[PDB]
Amino acid sequence: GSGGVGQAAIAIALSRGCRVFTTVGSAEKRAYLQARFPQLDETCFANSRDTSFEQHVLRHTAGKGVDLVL
Amino acid sequence: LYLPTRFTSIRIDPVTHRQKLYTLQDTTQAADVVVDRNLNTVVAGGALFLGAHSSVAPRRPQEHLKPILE
């Protein structure tokens with residue numbers, strides 16, 4: 001999300017009112033994003049330098065998963 | 001009836017394992033197992049499964065056990 005096509009993907013996906021899940025490497029990027037898009041929960045963020053993001057999406061998704069992955 | 005068929009990622013670490021283990025009053029040895037079906041992961045001691053997909057098998061009627069019906 002922190003990056004080029006990331007941020008536009010969010011903004012667009014949000015415009016069409018969607019549950020979003022983004023990955024991001026920095027603790028600081030968590031920051032910029034959380035700011036730039038207010039509609040983001042802390043549930044929205046998982047890591048990106050690692051496989052942990054899977055477990056995370058599978059939790060707050062009740063083991064159903066996401067409808068599109070970018 | 002369900003046999004194993006795929007694992008996606010097993011990860012065993014016999015060091016942490018020795019550690020994760022304990023001793024019942026029985027004098028026997030055991031450790032805690034946990035299953036997180038929303039994440040598809042079984043953990044116990046030092047062995048961590050991931051995506052351990054099992055699957056169906058046909059029960060084969062052994063007709064040296066057909067019942068006498070009277």
# chains A, B, ... in the order shown; residues from 1 in each chain; ligands from 1
call {"tool": "interface_residues", "arguments": {"of": "chain B", "to": "chain A", "cutoff": "9 Å", "atoms": "only C-alpha atoms", "output": "list in words"}}
result
residues 37, 38, 39 and 40 of chain B
call {"tool": "write_last_selection", "arguments": {"atoms": "N, CA, C and O atoms", "output": "mmCIF file, in the first residue's frame"}}
result
data_model
loop_
_atom_site.group_PDB
_atom_site.id
_atom_site.type_symbol
_atom_site.label_atom_id
_atom_site.label_comp_id
_atom_site.auth_asym_id
_atom_site.auth_seq_id
_atom_site.Cartn_x
_atom_site.Cartn_y
_atom_site.Cartn_z
ATOM 1 N N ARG B 37 -8.310 -24.003 12.792
ATOM 2 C CA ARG B 37 -8.942 -24.282 11.499
ATOM 3 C C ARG B 37 -9.189 -23.068 10.588
ATOM 4 O O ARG B 37 -9.399 -23.201 9.377
ATOM 5 N N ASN B 38 -9.192 -21.878 11.163
ATOM 6 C CA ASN B 38 -9.351 -20.700 10.346
ATOM 7 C C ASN B 38 -8.036 -20.377 9.675
ATOM 8 O O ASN B 38 -8.016 -19.752 8.639
ATOM 9 N N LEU B 39 -6.939 -20.840 10.253
ATOM 10 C CA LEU B 39 -5.633 -20.668 9.627
ATOM 11 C C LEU B 39 -5.076 -21.976 9.054
ATOM 12 O O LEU B 39 -4.053 -21.976 8.375
ATOM 13 N N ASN B 40 -5.753 -23.087 9.333
ATOM 14 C CA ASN B 40 -5.312 -24.403 8.877
ATOM 15 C C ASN B 40 -3.909 -24.724 9.383
ATOM 16 O O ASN B 40 -3.021 -25.027 8.593
#
call {"tool": "residues_around", "arguments": {"residues": "residue 70 (chain A)", "least_positions_apart": "5", "cutoff": "10 Å", "atoms": "only C-alpha atoms", "output": "ChimeraX atom specification"}}
result
/A:5-6,9,22
call {"tool": "residues_around", "arguments": {"residues": "residue 56 (chain B)", "least_positions_apart": "3", "cutoff": "7 Å", "atoms": "only C-alpha atoms", "output": "PyMOL selection string"}}
result
chain B and resi 1-3
call {"tool": "write_last_selection", "arguments": {"atoms": "N, CA and C atoms", "output": "mmCIF file, in the first residue's frame"}}
result
data_model
loop_
_atom_site.group_PDB
_atom_site.id
_atom_site.type_symbol
_atom_site.label_atom_id
_atom_site.label_comp_id
_atom_site.auth_asym_id
_atom_site.auth_seq_id
_atom_site.Cartn_x
_atom_site.Cartn_y
_atom_site.Cartn_z
ATOM 1 N N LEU B 1 -13.895 -41.306 6.709
ATOM 2 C CA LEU B 1 -12.502 -41.752 6.791
ATOM 3 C C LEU B 1 -11.529 -40.910 5.961
ATOM 4 N N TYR B 2 -10.564 -40.291 6.636
ATOM 5 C CA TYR B 2 -9.711 -39.283 6.020
ATOM 6 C C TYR B 2 -8.217 -39.522 6.156
ATOM 7 N N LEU B 3 -7.561 -39.774 5.032
ATOM 8 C CA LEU B 3 -6.116 -39.954 5.013
ATOM 9 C C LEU B 3 -5.386 -38.665 4.655
#
call {"tool": "residues_around", "arguments": {"residues": "residue 48 (chain A)", "least_positions_apart": "2", "cutoff": "12 Å", "atoms": "only C-alpha atoms", "output": "JSON, numbers by chain"}}
result
{"A": [1, 2, 21, 22, 23, 24, 25, 26, 27, 29, 30, 45, 46, 50, 51, 52, 53, 54, 56]}
call {"tool": "atom_distance", "arguments": {"atom1": "CA of residue 31 (chain B)", "atom2": "CA of residue 45 (chain B)"}}
result
5.6 Å
call {"tool": "closest_residue", "arguments": {"among": "B:70, B:6, B:42, B:25", "to": "residue 54 (chain B)", "atoms": "only C-alpha atoms"}}
result
B:6
call {"tool": "select_by_dssp", "arguments": {"residues": "chain A", "states": "strand (DSSP E or B)", "output": "list in words"}}
result
residues 22, 23, 45 and 46 of chain A
call {"tool": "write_last_selection", "arguments": {"atoms": "N, CA and C atoms", "output": "compact mmCIF listing (two decimals), in the first residue's frame"}}
result
# COMPACT_ATOMS: atom_id res chain seq x y z
N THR A 22 -4.00 -4.47 3.60
CA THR A 22 -2.76 -4.11 2.94
C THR A 22 -1.57 -4.64 3.68
N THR A 23 -0.49 -4.88 2.96
CA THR A 23 0.78 -5.22 3.60
C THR A 23 1.79 -4.09 3.41
N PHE A 45 -3.95 -3.80 8.54
CA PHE A 45 -2.53 -3.86 8.24
C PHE A 45 -1.84 -5.18 8.63
N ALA A 46 -1.14 -5.79 7.68
CA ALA A 46 -0.25 -6.91 7.99
C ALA A 46 1.11 -6.66 7.37
call {"tool": "residues_around", "arguments": {"residues": "residue 46 (chain B)", "least_positions_apart": "4", "cutoff": "7 Å", "atoms": "only C-alpha atoms", "output": "PyMOL selection string"}}
result
chain B and resi 12-14+16-17+20
call {"tool": "write_last_selection", "arguments": {"atoms": "N, CA, C and O atoms", "output": "short mmCIF file (atom, residue, chain, number, x, y, z; two decimals), in the first residue's frame"}}
result
data_model
loop_
_atom_site.label_atom_id
_atom_site.label_comp_id
_atom_site.auth_asym_id
_atom_site.auth_seq_id
_atom_site.Cartn_x
_atom_site.Cartn_y
_atom_site.Cartn_z
N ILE B 12 9.67 -28.60 11.66
CA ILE B 12 10.04 -29.22 12.92
C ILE B 12 11.37 -28.66 13.43
O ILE B 12 12.33 -28.58 12.67
N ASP B 13 11.41 -28.26 14.70
CA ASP B 13 12.66 -27.79 15.29
C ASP B 13 12.99 -28.42 16.65
O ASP B 13 12.71 -27.81 17.69
N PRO B 14 13.61 -29.61 16.64
CA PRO B 14 13.81 -30.49 17.80
C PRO B 14 14.43 -29.82 19.02
O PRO B 14 14.30 -30.35 20.12
N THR B 16 13.63 -26.43 20.17
CA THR B 16 12.43 -25.86 20.76
C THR B 16 11.50 -26.97 21.24
O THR B 16 10.80 -26.81 22.24
N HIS B 17 11.50 -28.09 20.53
CA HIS B 17 10.69 -29.25 20.90
C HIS B 17 11.06 -29.80 22.27
O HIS B 17 10.20 -29.89 23.16
N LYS B 20 9.56 -27.42 24.61
CA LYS B 20 8.11 -27.18 24.62
C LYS B 20 7.37 -28.33 25.33
O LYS B 20 6.18 -28.27 25.65
#
call {"tool": "atom_distance", "arguments": {"atom1": "CA of residue 32 (chain A)", "atom2": "CA of residue 67 (chain A)"}}
result
25.2 Å
call {"tool": "select_by_dssp", "arguments": {"residues": "region 6-64 of chain A", "states": "helix (DSSP H, G or I)", "output": "PDB file with C-alpha atoms, in the first residue's frame"}}
result
ATOM      1  CA  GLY A   6      -0.413   0.267  -3.915  1.00  0.00           C
ATOM      2  CA  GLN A   7      -1.889   3.630  -2.860  1.00  0.00           C
ATOM      3  CA  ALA A   8      -3.996   4.024  -6.037  1.00  0.00           C
ATOM      4  CA  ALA A   9      -5.238   0.474  -5.553  1.00  0.00           C
ATOM      5  CA  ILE A  10      -6.380   1.361  -2.052  1.00  0.00           C
ATOM      6  CA  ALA A  11      -7.946   4.698  -3.015  1.00  0.00           C
ATOM      7  CA  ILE A  12      -9.823   3.012  -5.884  1.00  0.00           C
ATOM      8  CA  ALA A  13     -10.858  -0.033  -3.876  1.00  0.00           C
ATOM      9  CA  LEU A  14     -12.041   2.206  -1.121  1.00  0.00           C
ATOM     10  CA  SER A  15     -14.040   4.432  -3.511  1.00  0.00           C
ATOM     11  CA  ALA A  27       6.236   0.713  11.057  1.00  0.00           C
ATOM     12  CA  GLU A  28       6.285   4.188   9.522  1.00  0.00           C
ATOM     13  CA  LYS A  29       4.326   3.180   6.426  1.00  0.00           C
ATOM     14  CA  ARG A  30       1.586   1.892   8.745  1.00  0.00           C
ATOM     15  CA  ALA A  31       1.664   5.567   9.699  1.00  0.00           C
ATOM     16  CA  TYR A  32       1.479   7.362   6.356  1.00  0.00           C
ATOM     17  CA  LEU A  33      -1.325   5.104   5.175  1.00  0.00           C
ATOM     18  CA  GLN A  34      -3.386   5.163   8.390  1.00  0.00           C
ATOM     19  CA  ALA A  35      -3.247   8.924   8.015  1.00  0.00           C
ATOM     20  CA  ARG A  36      -3.868   9.265   4.287  1.00  0.00           C
ATOM     21  CA  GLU A  42      -5.664  -1.372  12.627  1.00  0.00           C
ATOM     22  CA  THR A  43      -7.165  -4.664  11.442  1.00  0.00           C
ATOM     23  CA  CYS A  44      -6.300  -3.543   7.940  1.00  0.00           C
ATOM     24  CA  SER A  52       2.643 -13.590   8.336  1.00  0.00           C
ATOM     25  CA  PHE A  53       0.161 -11.654   6.217  1.00  0.00           C
ATOM     26  CA  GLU A  54      -1.614 -14.933   5.318  1.00  0.00           C
ATOM     27  CA  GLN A  55      -2.361 -15.932   8.874  1.00  0.00           C
ATOM     28  CA  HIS A  56      -3.519 -12.387   9.458  1.00  0.00           C
ATOM     29  CA  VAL A  57      -5.926 -12.242   6.510  1.00  0.00           C
ATOM     30  CA  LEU A  58      -7.221 -15.658   7.437  1.00  0.00           C
ATOM     31  CA  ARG A  59      -8.104 -14.421  10.960  1.00  0.00           C
TER      32      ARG A  59
END
call {"tool": "atom_distance", "arguments": {"atom1": "CA of residue 29 (chain B)", "atom2": "CA of residue 8 (chain B)"}}
result
28.2 Å
call {"tool": "decode", "arguments": {"residues": "region 24-67 of chain A", "atoms": "N, CA and C atoms", "output": "PDB file, in the first residue's frame"}}
result
ATOM      1  N   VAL A  24       2.746  -4.012   4.330  1.00  0.00           N
ATOM      2  CA  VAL A  24       3.662  -2.883   4.400  1.00  0.00           C
ATOM      3  C   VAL A  24       4.839  -3.200   5.303  1.00  0.00           C
ATOM      4  N   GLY A  25       6.044  -2.854   4.870  1.00  0.00           N
ATOM      5  CA  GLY A  25       7.239  -3.232   5.606  1.00  0.00           C
ATOM      6  C   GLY A  25       7.606  -2.379   6.806  1.00  0.00           C
ATOM      7  N   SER A  26       7.378  -1.077   6.708  1.00  0.00           N
ATOM      8  CA  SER A  26       7.800  -0.153   7.753  1.00  0.00           C
ATOM      9  C   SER A  26       6.727  -0.007   8.811  1.00  0.00           C
ATOM     10  N   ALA A  27       7.156   0.296  10.026  1.00  0.00           N
ATOM     11  CA  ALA A  27       6.236   0.713  11.057  1.00  0.00           C
ATOM     12  C   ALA A  27       5.760   2.112  10.673  1.00  0.00           C
ATOM     13  N   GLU A  28       6.608   2.831   9.942  1.00  0.00           N
ATOM     14  CA  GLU A  28       6.285   4.188   9.522  1.00  0.00           C
ATOM     15  C   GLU A  28       5.258   4.224   8.395  1.00  0.00           C
ATOM     16  N   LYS A  29       5.306   3.243   7.505  1.00  0.00           N
ATOM     17  CA  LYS A  29       4.326   3.180   6.426  1.00  0.00           C
ATOM     18  C   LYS A  29       2.921   2.931   6.993  1.00  0.00           C
ATOM     19  N   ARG A  30       2.816   2.030   7.971  1.00  0.00           N
ATOM     20  CA  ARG A  30       1.586   1.892   8.745  1.00  0.00           C
ATOM     21  C   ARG A  30       1.087   3.304   9.033  1.00  0.00           C
ATOM     22  N   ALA A  31       2.016   4.197   9.355  1.00  0.00           N
ATOM     23  CA  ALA A  31       1.664   5.567   9.699  1.00  0.00           C
ATOM     24  C   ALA A  31       1.071   6.304   8.510  1.00  0.00           C
ATOM     25  N   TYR A  32       1.896   6.546   7.491  1.00  0.00           N
ATOM     26  CA  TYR A  32       1.479   7.362   6.356  1.00  0.00           C
ATOM     27  C   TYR A  32       0.101   6.937   5.888  1.00  0.00           C
ATOM     28  N   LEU A  33      -0.050   5.647   5.633  1.00  0.00           N
ATOM     29  CA  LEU A  33      -1.325   5.104   5.175  1.00  0.00           C
ATOM     30  C   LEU A  33      -2.490   5.376   6.134  1.00  0.00           C
ATOM     31  N   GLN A  34      -2.328   4.996   7.400  1.00  0.00           N
ATOM     32  CA  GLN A  34      -3.386   5.163   8.390  1.00  0.00           C
ATOM     33  C   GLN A  34      -3.897   6.590   8.336  1.00  0.00           C
ATOM     34  N   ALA A  35      -2.954   7.510   8.155  1.00  0.00           N
ATOM     35  CA  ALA A  35      -3.247   8.924   8.015  1.00  0.00           C
ATOM     36  C   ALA A  35      -4.002   9.181   6.722  1.00  0.00           C
ATOM     37  N   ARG A  36      -3.326   8.957   5.605  1.00  0.00           N
ATOM     38  CA  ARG A  36      -3.868   9.265   4.287  1.00  0.00           C
ATOM     39  C   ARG A  36      -5.256   8.693   4.013  1.00  0.00           C
ATOM     40  N   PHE A  37      -5.507   7.489   4.498  1.00  0.00           N
ATOM     41  CA  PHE A  37      -6.840   6.923   4.425  1.00  0.00           C
ATOM     42  C   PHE A  37      -7.326   6.715   5.845  1.00  0.00           C
ATOM     43  N   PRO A  38      -8.342   7.480   6.239  1.00  0.00           N
ATOM     44  CA  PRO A  38      -8.858   7.411   7.604  1.00  0.00           C
ATOM     45  C   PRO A  38      -9.715   6.164   7.775  1.00  0.00           C
ATOM     46  N   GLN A  39     -10.338   5.732   6.688  1.00  0.00           N
ATOM     47  CA  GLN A  39     -11.259   4.606   6.721  1.00  0.00           C
ATOM     48  C   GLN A  39     -10.555   3.284   7.008  1.00  0.00           C
ATOM     49  N   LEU A  40      -9.263   3.343   7.327  1.00  0.00           N
ATOM     50  CA  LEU A  40      -8.504   2.125   7.632  1.00  0.00           C
ATOM     51  C   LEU A  40      -8.412   1.823   9.146  1.00  0.00           C
ATOM     52  N   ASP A  41      -8.739   0.581   9.509  1.00  0.00           N
ATOM     53  CA  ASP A  41      -8.625   0.101  10.882  1.00  0.00           C
ATOM     54  C   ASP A  41      -7.210  -0.349  11.125  1.00  0.00           C
ATOM     55  N   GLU A  42      -6.918  -0.702  12.365  1.00  0.00           N
ATOM     56  CA  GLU A  42      -5.664  -1.372  12.627  1.00  0.00           C
ATOM     57  C   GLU A  42      -5.780  -2.808  12.148  1.00  0.00           C
ATOM     58  N   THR A  43      -7.001  -3.307  11.973  1.00  0.00           N
ATOM     59  CA  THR A  43      -7.165  -4.664  11.442  1.00  0.00           C
ATOM     60  C   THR A  43      -6.712  -4.728   9.986  1.00  0.00           C
ATOM     61  N   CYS A  44      -6.564  -3.572   9.363  1.00  0.00           N
ATOM     62  CA  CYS A  44      -6.300  -3.543   7.940  1.00  0.00           C
ATOM     63  C   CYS A  44      -4.847  -3.850   7.566  1.00  0.00           C
ATOM     64  N   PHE A  45      -3.952  -3.799   8.541  1.00  0.00           N
ATOM     65  CA  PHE A  45      -2.526  -3.865   8.240  1.00  0.00           C
ATOM     66  C   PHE A  45      -1.840  -5.177   8.630  1.00  0.00           C
ATOM     67  N   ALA A  46      -1.142  -5.792   7.679  1.00  0.00           N
ATOM     68  CA  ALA A  46      -0.248  -6.907   7.993  1.00  0.00           C
ATOM     69  C   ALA A  46       1.112  -6.657   7.373  1.00  0.00           C
ATOM     70  N   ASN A  47       2.081  -7.507   7.688  1.00  0.00           N
ATOM     71  CA  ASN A  47       3.425  -7.277   7.172  1.00  0.00           C
ATOM     72  C   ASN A  47       3.591  -7.673   5.709  1.00  0.00           C
ATOM     73  N   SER A  48       4.781  -7.423   5.177  1.00  0.00           N
ATOM     74  CA  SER A  48       5.019  -7.589   3.754  1.00  0.00           C
ATOM     75  C   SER A  48       6.405  -8.153   3.458  1.00  0.00           C
ATOM     76  N   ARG A  49       7.286  -8.133   4.452  1.00  0.00           N
ATOM     77  CA  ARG A  49       8.595  -8.743   4.288  1.00  0.00           C
ATOM     78  C   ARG A  49       8.538 -10.214   4.697  1.00  0.00           C
ATOM     79  N   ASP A  50       7.330 -10.760   4.814  1.00  0.00           N
ATOM     80  CA  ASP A  50       7.132 -12.036   5.508  1.00  0.00           C
ATOM     81  C   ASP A  50       5.801 -12.748   5.152  1.00  0.00           C
ATOM     82  N   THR A  51       5.692 -14.030   5.469  1.00  0.00           N
ATOM     83  CA  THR A  51       4.469 -14.768   5.175  1.00  0.00           C
ATOM     84  C   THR A  51       3.337 -14.551   6.199  1.00  0.00           C
ATOM     85  N   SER A  52       3.618 -13.811   7.271  1.00  0.00           N
ATOM     86  CA  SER A  52       2.643 -13.590   8.336  1.00  0.00           C
ATOM     87  C   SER A  52       1.327 -12.999   7.850  1.00  0.00           C
ATOM     88  N   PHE A  53       1.348 -12.349   6.694  1.00  0.00           N
ATOM     89  CA  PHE A  53       0.161 -11.654   6.217  1.00  0.00           C
ATOM     90  C   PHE A  53      -0.980 -12.626   5.931  1.00  0.00           C
ATOM     91  N   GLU A  54      -0.636 -13.876   5.600  1.00  0.00           N
ATOM     92  CA  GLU A  54      -1.614 -14.933   5.318  1.00  0.00           C
ATOM     93  C   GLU A  54      -2.422 -15.263   6.548  1.00  0.00           C
ATOM     94  N   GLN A  55      -1.716 -15.625   7.609  1.00  0.00           N
ATOM     95  CA  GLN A  55      -2.361 -15.932   8.874  1.00  0.00           C
ATOM     96  C   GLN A  55      -3.268 -14.767   9.259  1.00  0.00           C
ATOM     97  N   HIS A  56      -2.757 -13.560   9.100  1.00  0.00           N
ATOM     98  CA  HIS A  56      -3.519 -12.387   9.458  1.00  0.00           C
ATOM     99  C   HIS A  56      -4.801 -12.238   8.658  1.00  0.00           C
ATOM    100  N   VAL A  57      -4.717 -12.327   7.334  1.00  0.00           N
ATOM    101  CA  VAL A  57      -5.926 -12.242   6.510  1.00  0.00           C
ATOM    102  C   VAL A  57      -6.905 -13.370   6.828  1.00  0.00           C
ATOM    103  N   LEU A  58      -6.370 -14.553   7.084  1.00  0.00           N
ATOM    104  CA  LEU A  58      -7.221 -15.658   7.437  1.00  0.00           C
ATOM    105  C   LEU A  58      -7.946 -15.482   8.787  1.00  0.00           C
ATOM    106  N   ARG A  59      -7.350 -14.773   9.750  1.00  0.00           N
ATOM    107  CA  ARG A  59      -8.104 -14.421  10.960  1.00  0.00           C
ATOM    108  C   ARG A  59      -9.286 -13.525  10.637  1.00  0.00           C
ATOM    109  N   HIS A  60      -9.017 -12.240  10.411  1.00  0.00           N
ATOM    110  CA  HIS A  60     -10.089 -11.253  10.272  1.00  0.00           C
ATOM    111  C   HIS A  60     -10.917 -11.489   9.019  1.00  0.00           C
ATOM    112  N   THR A  61     -10.999 -12.741   8.601  1.00  0.00           N
ATOM    113  CA  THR A  61     -11.722 -13.084   7.406  1.00  0.00           C
ATOM    114  C   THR A  61     -12.512 -14.318   7.753  1.00  0.00           C
ATOM    115  N   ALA A  62     -12.327 -14.777   8.978  1.00  0.00           N
ATOM    116  CA  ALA A  62     -13.028 -15.942   9.469  1.00  0.00           C
ATOM    117  C   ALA A  62     -12.765 -17.160   8.589  1.00  0.00           C
ATOM    118  N   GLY A  63     -11.538 -17.270   8.083  1.00  0.00           N
ATOM    119  CA  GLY A  63     -11.126 -18.414   7.286  1.00  0.00           C
ATOM    120  C   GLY A  63     -11.805 -18.465   5.931  1.00  0.00           C
ATOM    121  N   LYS A  64     -12.317 -17.327   5.475  1.00  0.00           N
ATOM    122  CA  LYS A  64     -12.986 -17.282   4.197  1.00  0.00           C
ATOM    123  C   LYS A  64     -12.032 -16.720   3.167  1.00  0.00           C
ATOM    124  N   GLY A  65     -11.194 -15.778   3.567  1.00  0.00           N
ATOM    125  CA  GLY A  65     -10.269 -15.156   2.630  1.00  0.00           C
ATOM    126  C   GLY A  65     -10.786 -13.910   1.878  1.00  0.00           C
ATOM    127  N   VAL A  66      -9.945 -13.391   0.994  1.00  0.00           N
ATOM    128  CA  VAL A  66     -10.245 -12.142   0.323  1.00  0.00           C
ATOM    129  C   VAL A  66     -10.782 -12.411  -1.095  1.00  0.00           C
ATOM    130  N   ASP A  67     -11.515 -11.454  -1.650  1.00  0.00           N
ATOM    131  CA  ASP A  67     -12.163 -11.638  -2.931  1.00  0.00           C
ATOM    132  C   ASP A  67     -11.259 -11.303  -4.110  1.00  0.00           C
TER     133      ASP A  67
END
